[PDB]
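FYI the Cβ positions are ideal-geometry reconstructions off the backbone, even for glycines, and counts take in every protein chain you see. Bear in mind that the values in this text are calculations on the coordinates, not laboratory data.
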Amino acid sequence: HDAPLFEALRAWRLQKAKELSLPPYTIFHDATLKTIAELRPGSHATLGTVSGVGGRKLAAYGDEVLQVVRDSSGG
């Protein structure tokens, strides 16, 4: 189960919420959030589920997440 992997993304989600100034769950949809746990390609564009989040903020949030995902791999 890759559910535990979301816990790592959840950490970035909290930091991402600070920049947006809104709640963390609001950043992603309840159904979409579940899809992220099931999928773990490492890249948001590869997720095939990127929408609304695309924009200048995507440049600030996204590439750094890839680095965070690799950290979850343990190396």
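Report whether or not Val65 is touching a residue at least 12 places away in the same chain (Cβ under 8 Å) and among the aliphatic types (A, V, I, L, M). Considered against the rule, which asks whether it is touching a residue at least 12 places away in the same chain (Cβ under 8 Å) and among the aliphatic types (A, V, I, L, M), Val65 comes out as yes. Scanning the stretch 39-57 for residues being touching a helix residue (DSSP H, G or I) at 6+ places or on another chain (Cβ under 8 Å) and not hydroxyl-bearing (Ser, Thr, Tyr) gives a total of 9.
Inside the stretch 26-37, residues that are more than 15 Å from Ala8 (Cβ to Cβ) and touching a residue at least 24 places away in the same chain (Cβ under 8 Å) make up a count of 1. Is one or more of the residues making up the stretch 36-48 in contact with a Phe, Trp or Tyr (Cβ under 9 Å, 6 or more places away or on another chain) and among the small types (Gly, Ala, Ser)? The answer is yes, given that some residue of the stretch 36-48 is in contact with a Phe, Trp or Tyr (Cβ under 9 Å, 6 or more places away or on another chain) and among the small types (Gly, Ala, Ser).
Residues in the stretch 40-62 that are over 18 Å from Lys16 (Cα atoms) and in contact (Cβ under 8 Å) with a residue 24 or more places away in the chain: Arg40 alone.
Rundown of residues vs (1) among the hydrophobic types (A, V, I, L, M, F, W, C); (2) loosely packed, with under 13 Cβ neighbours inside 10 Å; (3) touching a strand residue (DSSP E or B) at 6+ places or on another chain (Cβ under 6 Å), yes/no style:
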{"site": "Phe6", "(1), (2), (3)": "yes, no, no"}
{"site": "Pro24", "(1), (2), (3)": "no, no, no"}
{"site": "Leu47", "(1), (2), (3)": "yes, no, no"}
{"site": "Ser51", "(1), (2), (3)": "no, yes, no"}
{"site": "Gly54", "(1), (2), (3)": "no, yes, no"}
{"site": "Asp71", "(1), (2), (3)": "no, yes, no"}
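Can we say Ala8 is of a type in the set (A, V, I, L, M, F, W, C), part of a helix (DSSP H, G or I) and free of Cβ contacts under 8 Å to residues at least 12 places away in the same chain? When the stated conditions are applied, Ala8 does not pass them.
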